[PDB]
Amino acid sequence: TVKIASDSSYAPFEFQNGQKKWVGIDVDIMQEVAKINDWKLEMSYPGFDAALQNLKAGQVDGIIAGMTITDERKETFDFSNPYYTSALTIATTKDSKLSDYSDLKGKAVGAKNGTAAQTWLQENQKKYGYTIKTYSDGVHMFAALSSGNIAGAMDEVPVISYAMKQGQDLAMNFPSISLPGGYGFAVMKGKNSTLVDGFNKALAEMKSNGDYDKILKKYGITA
């Protein structure tokens, strides 16, 4: 049995659908990795911070929860090869003609509080000359985009892609900014190398046979 903890709501990586079933890129990858390795998988969804605590306490064996691989984290955890590398970009409504970071001068651009997107906006404000608006969550940010109160909304490519798949009035006309590291499956350092290796090997098999790209496409991720 393999106990994996994750976040409680991070679409399109892990989230509950209309039937309350847990779905998402992380969920689907983990489930297929488990089947390939013949593991009995037990997922839990307490929240990212709680997941880390449970992993450190040995209450679960690993984590998959959009977890960025960083050198600092490698002091505490061992990671798989990244299984997805996210990126930031500016979402606009479908009727907008904005497509260049150098066309943001004097415009308002949104981001969610506490995110890499918000930090990028702070760090690049003097460079590009927009004003910044901060939102509590995605529903609020995208509503402000649809109302014209912001001209663009900085968020993750996979998140915008999924919202587009749901039929929301969104486009991605700008270039992307890669988020370094990528997301990784994590275990405690020096522990459970079996799981990391099994994850890596299954992921390679999934890439080769097309199952990996099928998962991404299911949640609207292309390119």
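Throughout, we count residues from 1 along the sequence that is shown.
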property	result
Entry-level comparison of average CA B-factors, 137 to 145 and 90 to 98, reporting the higher stretch	90 to 98
62 to 70 versus 165 to 173 - which carries the larger mean C-alpha B factor in the record	165 to 173
Options 184, 47, 180, 198 - largest CA temperature factor per the record	180
Third of the chain's Cα B-factor distribution that residue 104 belongs to, per the entry	highest
Among modelled residues of the same chain, the CA temperature factor third for residue 131	highest
Residue 6 CA temperature factor, ranked by third within the chain	middle
Chain-wide C-alpha B factor ranking for residue 159, given as lowest, middle or highest third	lowest
CA B-factor ranking of residue 205, expressed as a third of its chain	middle
